[PDB]
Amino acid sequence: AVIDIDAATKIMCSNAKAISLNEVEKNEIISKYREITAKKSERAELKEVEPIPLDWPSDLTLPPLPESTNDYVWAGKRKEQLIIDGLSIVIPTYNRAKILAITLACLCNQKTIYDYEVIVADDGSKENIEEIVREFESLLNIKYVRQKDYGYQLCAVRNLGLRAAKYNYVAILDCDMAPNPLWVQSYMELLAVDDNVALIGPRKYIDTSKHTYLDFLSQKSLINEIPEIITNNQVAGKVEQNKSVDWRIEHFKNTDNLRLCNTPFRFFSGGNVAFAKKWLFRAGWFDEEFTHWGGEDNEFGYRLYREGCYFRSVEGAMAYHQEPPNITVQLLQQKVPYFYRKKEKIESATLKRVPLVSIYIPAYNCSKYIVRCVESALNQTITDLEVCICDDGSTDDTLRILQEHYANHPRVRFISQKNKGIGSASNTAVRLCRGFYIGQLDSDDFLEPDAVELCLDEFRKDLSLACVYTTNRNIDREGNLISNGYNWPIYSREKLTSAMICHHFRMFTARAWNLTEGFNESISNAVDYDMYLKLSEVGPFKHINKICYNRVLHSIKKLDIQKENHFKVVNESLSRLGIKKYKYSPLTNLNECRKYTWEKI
């Protein structure tokens, strides 16, 4: 032999090539994998303690957490000016002019206080769409965008309009989705209060066939009067017809309009939605790689979620789908890791467009202990992950080593930058990660073969979890054991705002991270505590009591005053919670002391 890349990854690339590597080889490598990721994290010393420090004030109560990952009421509380100009409404159209007409009519009948433009988006229609639009030029503040015919390009056309949209609030409407008179108002009135929430309107099905667009401009309510169509469903051999309905509405009333749902994107359907345009630049636009089978909605909604955008249902946004003359799970799979992606076995397992996990690593001068650091994650029971490193202007071979090692690794990705400190390094690396579950791994340390896996099981139990940390063992730079890391048994916010109990190896929901101000780039240290204190405000944490992190154990007078300094700021900075009646002051005037006192002000 000589040198190489992990077997974990080796197998996936093999399972990929349509030309089967000889079983004899494949097996030999799989085994080598199985044995290198065989050890199991060893549980830790079972302790016993005071959940919420007694010293903790009995008049102080941190702002209650959110009741789910999409709880927008709680998001509303989070205090923290905007321009409420108008609502650019994009209507994707492929022929059906006589219908776009009706939809344009029901858009003339809008009783709202907001300015709204209608952007008819034509994706290479055959019928003459511009003819229609011109007819309305005298009623709506209408615009027309067109792209040539090159297939089914809804995502592409959706993008044109949204691009053409001039306001800060966009809305999307299939050309067959006739809004009700209160559509604009309903969306806008909510987008004006919270712009971090993507309103989703419901729908009903109507056979608008017996009418022309004139009937609607006339009867400015006719749209709410036309009977919902009926469906001839086949139930076990014999026919059963019922009133076709929006399958989502049932779910809407059972989640308080998705305020409690932990997977709102499952209901996001671009045929009638509204949101702040800023999100397009944050989570991207509709994926044009999607064919007519769909998935683009969920996949888009997912990325909205992964950034921190919320989801909400509006009844005032009811749209009417005009009657046109199964296995979605296999469509997301690749681009939506979170809820949908299920584990494959190394044998049949294969690389993923978007990894389920992203191990970020801030690296500065971690010369020799960095190739050990990266393989400690590439060699994990969870094969569906990636490693993103950020060279913080190392003054040593670090970066050079990363290249002659990972410059072509399908599962590793780095980025160099001029040294800006540890707070930054991270932001840069985290931003590099494309996965939903994100863990921390410093340069000189290294993990345990099932660290990531162990955390992953905890996220799956409570999809409300924002973070999950394990415990660690203090290690010799050389690699020798010399202690077991501090391990506070149970997690609670109070204990956190009293002492840094988030032992190392941490894992957080990218969405949760995005709901935070990110890493603090102006402090020499206390970076971890800050980030994780910030996280505690976003959601609950879960601690596993096993040793999954091997940490190297690596104080000149003046310095110290900084450390003490930083530590207390962090807790104070947590004024974010709108807490001003107290203050976490030191109790002593010593450097290495951490004893604190809740002095009132």
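Note that residue numbering begins at 1 and tracks the sequence as displayed.
- Gap between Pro325 and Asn326: 10 or more deposited residues without coordinates.
- Comparing the deposited coordinates for 176 to 184 and 106 to 114, the stretch with the larger average C-alpha B-factor is 106 to 114.
- The PDB entry records a higher mean C-alpha B factor for 217 to 225 than for its counterpart among 217 to 225 and 166 to 174.
- The PDB entry assigns the greatest CA B-factor among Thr69, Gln562, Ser536, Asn550 to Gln562.
- Take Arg372, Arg312, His321, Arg158 and read off each C-alpha B-factor from the entry; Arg372 has the highest.
- Looking at the C-alpha B-factors along this chain, the one for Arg400 belongs to the highest third.
- Ranked within its chain, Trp279 lands in the lowest third, by CA B factor from the PDB record.
- Sort the chain's modelled residues by C-alpha temperature factor and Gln380 lands in the lowest third, per the entry.
- In the deposited entry, the Cα temperature factor of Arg43 sits in the top third of values across the chain's modelled residues.
- Split the chain's modelled residues into thirds by C-alpha temperature factor. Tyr532 is in the middle one.
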